[PDB]
Amino acid sequence: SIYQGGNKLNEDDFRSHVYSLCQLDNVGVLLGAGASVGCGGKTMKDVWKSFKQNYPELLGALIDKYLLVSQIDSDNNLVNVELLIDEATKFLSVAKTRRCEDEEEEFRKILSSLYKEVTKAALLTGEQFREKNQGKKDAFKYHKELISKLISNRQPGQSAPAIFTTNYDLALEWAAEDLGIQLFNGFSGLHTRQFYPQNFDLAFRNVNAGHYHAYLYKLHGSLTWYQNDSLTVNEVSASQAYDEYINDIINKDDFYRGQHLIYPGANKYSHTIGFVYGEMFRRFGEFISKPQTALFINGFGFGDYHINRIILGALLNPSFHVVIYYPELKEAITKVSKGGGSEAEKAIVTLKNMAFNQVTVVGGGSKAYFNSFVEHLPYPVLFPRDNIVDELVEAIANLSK
Amino acid sequence: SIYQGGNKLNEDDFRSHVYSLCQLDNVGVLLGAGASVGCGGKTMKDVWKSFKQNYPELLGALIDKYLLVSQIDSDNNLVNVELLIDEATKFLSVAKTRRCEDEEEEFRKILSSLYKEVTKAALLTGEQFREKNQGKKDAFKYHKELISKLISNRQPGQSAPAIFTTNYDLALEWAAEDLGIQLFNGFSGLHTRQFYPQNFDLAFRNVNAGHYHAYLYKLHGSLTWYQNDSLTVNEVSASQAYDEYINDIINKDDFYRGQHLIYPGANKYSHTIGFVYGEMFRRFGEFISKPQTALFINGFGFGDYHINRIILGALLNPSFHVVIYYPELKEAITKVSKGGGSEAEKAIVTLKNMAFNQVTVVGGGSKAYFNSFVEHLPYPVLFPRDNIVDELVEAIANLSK
Amino acid sequence: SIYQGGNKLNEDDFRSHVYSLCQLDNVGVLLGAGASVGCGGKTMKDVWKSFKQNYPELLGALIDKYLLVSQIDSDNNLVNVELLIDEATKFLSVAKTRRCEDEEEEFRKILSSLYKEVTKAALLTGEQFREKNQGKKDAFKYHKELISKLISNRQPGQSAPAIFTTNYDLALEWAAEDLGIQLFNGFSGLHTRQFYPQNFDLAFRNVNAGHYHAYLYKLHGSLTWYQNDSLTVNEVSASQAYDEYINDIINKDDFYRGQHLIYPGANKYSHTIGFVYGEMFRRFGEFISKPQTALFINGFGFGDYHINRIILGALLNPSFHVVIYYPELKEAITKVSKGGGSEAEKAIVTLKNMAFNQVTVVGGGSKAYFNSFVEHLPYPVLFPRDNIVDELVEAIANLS
Amino acid sequence: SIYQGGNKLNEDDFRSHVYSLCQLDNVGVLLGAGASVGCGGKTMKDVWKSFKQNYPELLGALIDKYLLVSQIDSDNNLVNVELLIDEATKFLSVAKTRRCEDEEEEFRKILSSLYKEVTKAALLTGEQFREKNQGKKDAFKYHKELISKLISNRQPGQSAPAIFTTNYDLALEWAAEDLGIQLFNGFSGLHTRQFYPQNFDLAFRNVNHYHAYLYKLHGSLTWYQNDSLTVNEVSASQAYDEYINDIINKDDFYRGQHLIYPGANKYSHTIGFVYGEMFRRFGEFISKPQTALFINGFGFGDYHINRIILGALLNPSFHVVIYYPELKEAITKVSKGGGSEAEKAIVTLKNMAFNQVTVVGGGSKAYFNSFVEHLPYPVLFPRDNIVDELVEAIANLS
Amino acid sequence: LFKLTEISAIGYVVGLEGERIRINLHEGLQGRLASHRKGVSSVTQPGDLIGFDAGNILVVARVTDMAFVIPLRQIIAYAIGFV
Ligand SMILES: Nc1ncnc2c1ncn2[C@@H]1O[C@H](COP(=O)(O)OP(=O)(O)OC[C@H]2O[C@H](O)[C@H](O)[C@@H]2O)[C@@H](O)[C@H]1O
Ligand SMILES: Nc1ncnc2c1ncn2[C@@H]1O[C@H](COP(=O)(O)OP(=O)(O)OC[C@H]2O[C@H](O)[C@H](O)[C@@H]2O)[C@@H](O)[C@H]1O
Ligand SMILES: Nc1ncnc2c1ncn2[C@@H]1O[C@H](COP(=O)(O)OP(=O)(O)OC[C@H]2O[C@H](O)[C@H](O)[C@@H]2O)[C@@H](O)[C@H]1O
Ligand SMILES: Nc1ncnc2c1ncn2[C@@H]1O[C@H](COP(=O)(O)OP(=O)(O)OC[C@H]2O[C@H](O)[C@H](O)[C@@H]2O)[C@@H](O)[C@H]1O
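Along every chain, residues receive numbers from 1 upward following the written sequence, which is not necessarily the numbering found in the entry; those without coordinates are excluded from display. Labels are handed out in written order, letters beginning with A for the chains and numbers beginning with 1 for the ligands. Each value listed describes the chains present in this view, a part of a larger assembly. Water and hydrogen atoms were dropped before computing side-chain values, which therefore reflect all heavy atoms in the structure.

> A description of the packing of helix 5 (residues 90–98) of chain B against helix 5 (residues 81–98) of chain D should follow, citing residues and the corresponding values.
Between two packed helices, the angle of one axis relative to the other and the distance separating the axes together describe the packing. Working convention: axes come from line fits to C-alpha atoms, limited for helices to the stretch in contact. Angles between N-to-C directions cover 0 to 180 degrees. In this text, helices come from DSSP runs of H or I with a minimum length of four residues, and strands from runs of E with a minimum of two, each type numbered from the N-terminal end. Packing of helix 5 of chain B against helix 5 of chain D leaves a shortest axis separation of 10 Å and a crossing angle of 115°. Judged by the angle between their axes, helix 5 of chain B and helix 5 of chain D are roughly perpendicular. Helix-helix and strand crossings are classified by hand; for helix 5 of chain B and helix 5 of chain D the assignment is left-handed. On helix 5 of chain D, the residues that touch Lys90, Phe91, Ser93, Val94, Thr97 and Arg98 of chain B of helix 5 of chain B are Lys90, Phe91, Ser93, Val94, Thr97 and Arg98 of chain D. In this count, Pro and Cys sit with the nonpolar residues alongside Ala, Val, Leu, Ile, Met, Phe, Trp and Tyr, while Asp, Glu, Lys and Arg are called charged and the others, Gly among them, polar. When grouped by side-chain class, the residues that make up the contact of helix 5 of chain B with helix 5 of chain D number 4 nonpolar, 4 polar and 4 charged. Throughout this description, any angle smaller than 35 degrees is read as roughly parallel, any larger than 145 degrees as roughly antiparallel, any in the 65 to 115 degree range as roughly perpendicular, and the remainder as oblique. Working rule for handedness: look at the near helix, and if it is turned counterclockwise from the far one by less than a right angle, call the crossing left-handed; if clockwise, right-handed. The contact criterion used throughout is that any non-hydrogen atoms of two residues lie within 4.5 Å.

So this is what it looks like as structure tokens:
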């Protein structure tokens, strides 16, 4: 259902708490991989199946010799991937260091497969990834409503809205190019496009006396970004990328040697050369720790230490509000009372059980999804009625009926 | 039964009084030993039964040979402990001077066993005192609600809360190390912790253009404090203590020395070496002497002569309000009408029979306990709905019927 | 031997530069392992010597079979000891799952030997490690001067000082606890003390009547940090650590627990333990990339690639200034100009030769040490260089 | 014979230091028993030097049987008379409790004979103690000037003076009722006068230089406890009639939990509460910035007041001035392995690199009536008696 | 416990225009005088010298004026060097 302060509240008060919440001077959203299922995307549960359905032999070694997975988990499809990768990357260093040439070649294929199945699930359109005007179809519609609503609810003087995302897909840009709105992502240029971190401090303005713009922060990168040195990162278009490297990976049986820039692991600090991750999380921190702040969270399954460890430390400021959508809120209050349960549901039942009115939690199956989320945000009122006569006139009329 | 100004008052007015009391500049809470019964604590009437059950041979000498306690008072368990601990030292001090070496032993044997029983009554969890994470259990939730509410209902600009107590136990620390709130108690350091009385004048601040906190005053000491007589007071955690100077006190059956500093007697000034005792009562008064001040009292039996003189002298100021909880009030009202009654009943009914509307007493038995005192406190409203617009249209609902 | 941009300087042009540099917005310090030799510590090669004296049997299974070290470096005493324990932990973790019992004992037995040798060298007081008031002893006399001089010269509306360090010992804490200063290190609590990274952004403030506090970043860890359950990291006191684990380490033999210790950069593959190491470098860069910044270095050998990368990248910003102390310029210039020396020498030399008025290097053997770095820093005016306190405390204690 | 900072001074450079000291924010004064020998009083030697003479048959029990005093001290006349009374008061309660009928009547005599030498000496007059208008006489002439100068040397906005003493006599109240000055002392009321410990936080003001503060650390003759549990103040005429004309001219001591001088019944939780609140205020006035304290009449034979003063020089804004008229002998005696704790204590700080301290000696040059004359009158202060020639012309109109 | 200064304060700056410095005072202070380990000093009259602590040096100034804004006092001073 809907909980606040550890207690229960009703629909007609949530519908107005939202309204009163979208009038503050700092508003943001954080999306995950579920928000992209209505457009062609996939979840991590739908990747293990596609791995064990097209690479059946390697799986045998993973279960028999190296002893990394259990048959029960594979059969029941309850196996993680962002933790398997970090172990397949550990069994490899201590083999390259002790010079065993029969395991390097057996561990260099598994990672390529896990990186190919993670890539085929972020295109959203298959072969039509390189064409143009893909933000005109009937799928990228609520992604347009979201931006329109976020931007039309700002009075002058206030700051622009922010968006935070993990997934690599391009569903937020396709829907803003079709709409006439310029997002900011850090880079600048066309013939050589390059990251300068002081581009997050710019802002439009007009000659005499447009105002429609927003900021986009991707925390785990994209599949249009590449690296060539230790001081530069470049971006190309989609047709260009699909010709250069994204086609070989999909079709040829090569080993992934660092063509594109993604962090799908569990410990993302082992990457001792990445300097974008830090500049993104620094801005996330700087934003979450200022007064009169509101945040919406959707699509996130609560399996990231680094983010569950930031959301807790911001609830010690008495001007910060969150709203959280989680369908399976009942099957997690069930399991965690009788001892069992993973950390994912522990983390969110901990939040459900609190005594501060600055936390709200929504459940209820298919009414906590993205399409329902959007329809709970309000359109503004252009000409605000003082409405004294509006209600006065009907107040008198009642009795004569 | 609730009496304001000697008159009679009802619940739906009491509850609106509390709301407006909790919106003043200075607010405070004084607690006692009854606030720690829902967690594993005992009382002074039970300490006596335990000392009666064990050690039955000293009680003989105590009644017959020394004329120091009466048979009736013993049986009926009405005896005071602080006025016996304050005579078993006089009887000693006289013998230390007359040089009666045998008389100089019984009283040591008696004081050791009297100090050993009030020590194992502040170990709320008996043998799990040394373990970690004791504030996660179920017996400590009404201690978290208190702090949460007191901190929540504060505005930007208004000072922070203070908490006064007389107990020795660690509940209000176990129940804050969980939330992640930081209490100030006057000490500093980790490897060598020392008491400086200027840490009561500090606050927090974010270093831009975790600021929750509160102040705690223990008036009678603690189990984690000790003195080397170099005129320095050292604080320690709850495992070092158990390992070094508590297991002995309990089991080793030794004599007593000033291992840790507690003031359980009746005249706290006899201790001509205590200087930390005097920096707490110098703040109690400095607090209650301010304007726009409210105090809530719970758990206190009104048997302290030096405490029940300051509250009387603070009631000649028109901006100080006090609320008191006393379960067994009818019996006192009758016992003083019959010309009898003890010195605490004579005080509580004299506070009840006033003619000022700044005193409020709350009886009713189980309706005056610590778990109800907390539900009486309010949660705040963050977006104040004036609903003056709503009045117009919700007024007409009654018309239809 | 003092060089600025290749050209030489004199002491009076140098002391008039340090003062101009210490008046800037942001100030910082980066220390090393040599700074702790005037107190009872040791150096990384004096560690390897003692290792290969007492344990020469395990020194063959480490160069022949597993390829973990090289003979040239083992002979010239040029081994990294904080980079080998991590690899050995990786090996052991792999063997546990692969279930090869013939290989877990041979790694337990050679980790118990490395920890026993790195721990013993960081107590600084031996068996007087679990006692109290270890900052009064005279060995810790300049660590106090450093702190006091860094604080006593700041003005209202100016950020407080930060102190980064690679050591894993308790000297600065023992000193501040005796001066009466507060250091923030990311922890909070006494009965359960936990890591909160959001409180490197806090500060103090007085109500009516304050600015005595500083920030400390430790890049490799400490002996007082450990892990009990999956999700949390705890801190304790010296007297408590000594009784829990630090004693068996020394006395008992064949004692090794597992992924329980957080020193030095060892169990870096978990996700609850590397989160602690990464924040420090994060904050290091975020500090070293501000405007109007100055950095002093002392005790660092320049055997790390990432820190040198960070510094060289930072030097693009025209408002960053540095100062370095390396007492082997002469013994390295030739060894590198004839045929080549070692990466450390090459790196440290590349900086001497540039057209920069915002770099500086210092040599002279015993003239570029810690007891002399602490003396080039200006001393305030009102700060009292007299002690009529002890003569009164003596009489107060004599009263009887 | 005037030592500042370890070295010497002269009269003028010190009389110019005094004037600058009296102009600080907080000013105070601490007096002793040697300040009331110019009015009819007696020091603490002369009291034992007479108890010894008048009651020898009791001087043996205290030494050979109960061990309450030592022989060399009694022979050199160096005993503390307050702690003896406290201990003898605490020896009687045990016996009264456990029903010993010999040790109960053996101590009544001791206490009756001890409470009879200190009372007779605290009456500064004699049978004129019960009468009215006693501060009009000649003995109380410098006590007036002290207060006049302490009040008239302040400015508007500056606080009022404080006064601490160890006597239990009525020499500063008689001498203020005459000037027309009001002293706060904690008590309020007339028909039932009671102790309220917050009246020290009050002050006057007009609606169209009136008051000061007094702290008595050892009690007074007019304080007592009734069959109730509360302390009550009364006037001298009423006290003479209740409980002072029997002490001397009879042999009566059966109210053993009744009197509040000279620091006796501190084992009752109701009588110690009034003693504590005075030291708790001394140790809080003596810890403020810009404070000055003048001492006079006090022999440094108390451990706690010394342990309280010594610990206040650690703030650089507290200054002290001391009068000790037997400083030469003490230096002599402690030069060569000797001396008592008081002499050692004073000599300890006589040698210091502290400009906050200043010591004065010279016998009759360090007495009360010279302390006073070292204090200044303002230049616009009325002194000539120009109103007294006119109050008798109104009497001649009989 | 840190002894950053062996000296009490007298006020705090609130204004800076050209080369004339404006100072406000504390509350209890009336009678021209302040105290310290060596003795007593006058601080309020025109023609007197005053000092400001500025990091690692000491700025010296001379008093010119004295006025009201228990009301609020105010002072004006001019710098003449540093130690
Ligand atoms: N139509 C829908 N609308 C909204 N939510 C949905 C929908 N369908 C399913 N869900 C919810 O989507 C949730 C499953 O989302 P997950 O597979 O965890 O996406 P991830 O991106 O977290 O996974 C990778 C993480 O790993 C790294 O650590 C990063 O932190 C990443 O977050 C379920 O709760 C569904 O109820
Ligand atoms: N569950 C409960 N909730 C609230 N109150 C309770 C509960 N159970 C009992 N009570 C009340 O708790 C009260 C307990 O009264 P006593 O134990 O005699 O008083 P003290 O604990 O302050 O005595 C110790 C102090 O007394 C000296 O002054 C020293 O300062 C000592 O520190 C009763 O009124 C019960 O009705
Ligand atoms: N008294 C002294 N004062 C100043 N410097 C001294 C003194 N004594 C010796 N030195 C200098 O101190 C230096 C000792 O260098 P080392 O202790 O091996 O290096 P580290 O402690 O940084 O090793 C840790 C790093 O190793 C890995 O790369 C990790 O990345 C770590 O960052 C010599 O140059 C001496 O000239
Ligand atoms: N005319 C005079 N003017 C000034 N001073 C004088 C005069 N005559 C003597 N003196 C000095 O007055 C002093 C007399 O010292 P004493 O009366 O024994 O000591 P106390 O009055 O503090 O006794 C009360 C204490 O007794 C308990 O122990 C408590 O601790 C109390 O504090 C000598 O030094 C003389 O030089």
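> Explain the arrangement of the chains residue by residue, including any values.
By contact count, the dominant pairing among the 7 pairs of chains in contact is that of chains B and C. Across the gap from chain A to chain E, with no contact made, the nearest C-alpha atoms are 29 Å apart. If you take every C-alpha in chain B and every C-alpha in chain E, the smallest gap between them is 8 Å, and the two do not touch.

> Before we move on, can you summarise the pattern of salt bridges with the specific residues and values?
For side chains of opposite charge, pairing can occur when their charged atoms come near one another. Just to be clear on terms, a salt bridge is a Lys or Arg side-chain nitrogen sitting within 4 Å of an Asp or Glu carboxyl oxygen. Evaluated as defined, the whole model comprises 52 salt bridges over all chains. Residues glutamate 286 of chain A and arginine 282 of chain A are paired through a salt bridge, measuring 3.7 Å at the closest nitrogen-oxygen approach. Of this pair, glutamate 286 of chain A and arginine 282 of chain A both sit in helix 12 (residues 276–288), separated by 4 residues, roughly a single helical turn. On the basis of relative accessibility, which here comes to 45%, the residue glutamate 286 of chain A falls in the partly exposed class. Ionic pairing is found between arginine 283 of chain C and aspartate 201 of chain C, a salt bridge with its closest N-O pair at 3.7 Å. On the basis of relative accessible area, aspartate 201 of chain C is assigned to the partly exposed category, the value being 28%. The structure contains a network of salt bridges with shared partners spanning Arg99, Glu101, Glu104, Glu105 and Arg108 of chain A. With a 1.4 Å probe rolled over the protein chains alone, any residue whose accessible area is under 20% of its type maximum counts as buried; one over 50% counts as exposed, and the rest are partly exposed.

> Explain the interface of chain B and chain C residue by residue, including any values.
Every contact between the two is made by 29 residues of chain B and, on the other side, 31 residues of chain C. Summed over both partners, the interface of chain B with chain C buries about 2,900 Å², with 50% contributed by carbon and sulfur atoms. Distance and chemistry together define a polar contact, namely a pair of N or O atoms within 3.5 Å, with one atom able to donate a hydrogen and the other to accept it when in protein, and with adjacent residues in sequence counting only for side-chain atoms on both sides. Linking chain B with chain C are 13 residue pairs in polar contact, by the criterion used here. With 5 residues, strand 7 (residues 202–206) of chain B is the single largest residue contributor to the side of chain B that touches chain C. For the side of chain B that touches chain C, the per-class residue count stands at 9 nonpolar, 13 polar and 7 charged. In this sheet, strand 8 (residues 202–206) of chain C lies alongside strand 7 of chain B in antiparallel orientation, the contact comprising 5 bridges. By the bridge assignment, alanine 203 of chain B is partnered in strand 8 of chain C with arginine 205 of chain C. Accessible area that two parts lose when put together, evaluated with a 1.4 Å probe and summed over both, is termed the buried area. Two strands qualify as a pair provided DSSP detects at least 2 bridges between them.

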